[PDB]
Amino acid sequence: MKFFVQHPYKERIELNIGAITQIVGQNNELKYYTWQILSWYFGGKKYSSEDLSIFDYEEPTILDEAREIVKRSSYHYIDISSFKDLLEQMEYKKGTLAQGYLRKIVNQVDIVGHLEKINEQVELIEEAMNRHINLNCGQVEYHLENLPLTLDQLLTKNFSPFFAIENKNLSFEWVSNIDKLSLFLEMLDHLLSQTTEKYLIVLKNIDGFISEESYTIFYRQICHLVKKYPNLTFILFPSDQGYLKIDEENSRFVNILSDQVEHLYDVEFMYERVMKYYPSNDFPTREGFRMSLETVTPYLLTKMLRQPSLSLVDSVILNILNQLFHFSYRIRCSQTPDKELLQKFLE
């Protein structure tokens, strides 16, 4: 689908949303603004008047393709912009993933029984207690009444999460970053297996905390989950290099936010178009193209002050792609002397 995000003074920011959505581009401020609105809109933000200033004290809106309003309640929104947010989703508090997950687990005839036995010891502590505080005068009596215990209450006050390696506890912070994400995704998995409600999960700032190899592991996991839970949607904000993943399925949901806003087309479609414009008969392979596309996309639709360092082939693809979007920027042929020598030296 599509999100048409309200902008304080310009047209709406268009976003082509899919199971796995990726927002990239050189316009970092705009990306940030888009993230701020998204989290506020779907996150339950209670707006102050200073928050609505830029929108003329009117609450900001997000429209769909038909230009209808996308309800703020439309998704079970989870924002992960730091590992701290991740730890918070695994603690038993109001609205966290853990709350919904642990409530499903605790709910079992097996456990419920222990609650009854616990409330029996309570009813005993009460009685044995009233026997010593015999405040009775006529028809009147002064005594303590007990509010029976609930599991929600127990989970909220007497239980805490811990992480261990072969039974040795270590703080969440010291848990490997990739493991942090995996544990979170696993919890999300078990929860989604018992709900049809829509879940929208936003992830930014993580690329910098894990290697390109670990990220690939994390990305396969989210791909697995979206293919398993139709009701799940991911919105990622990949770094400029080594994290953006492009394939036939998610291609159209790669949104480029630079000097202009556009989303990619289908890969096969673009391959053929680009191939038609390629200045050589030695067309790149579909895979070589796909990778070139992953490298350059973050730099499309951007008139740049400094030419990004790129291979000859990626520079060409970049130029051609820009043209397909009618964007004028072009990487100009390097002006370095004795290229033959540098080339040979790289042999």
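Note that residue numbering follows the sequence shown and begins at 1.
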Averaging only over Cα atoms, indicate whether 136-144 or 265-273 has the higher B-factor in the PDB entry.
136-144
On mean Cα temperature factor in this entry, is 24-32 or 296-304 the higher one?
296-304
According to the deposited entry, which of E173, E116, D85, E186 has the largest Cα B-factor?
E116
Among the choices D79, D240, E212, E120, identify the one whose CA B-factor in the record is greatest.
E120
What third of its chain's C-alpha B-factors does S309 belong to: lowest, middle or highest?
middle
Considering every modelled residue of the chain and its Cα B-factor in the PDB entry, is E287 in the lowest, middle or highest third?
lowest
Split into thirds by Cα B-factor across the chain's modelled residues, where does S280 land: lowest, middle or highest?
middle
Taking the values exactly as deposited, rank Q335 by C-alpha B-factor within its chain and report the matching third: lowest, middle or highest.
highest
Where does the C-alpha B-factor of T61 rank in its chain, lowest, middle or highest third?
middle
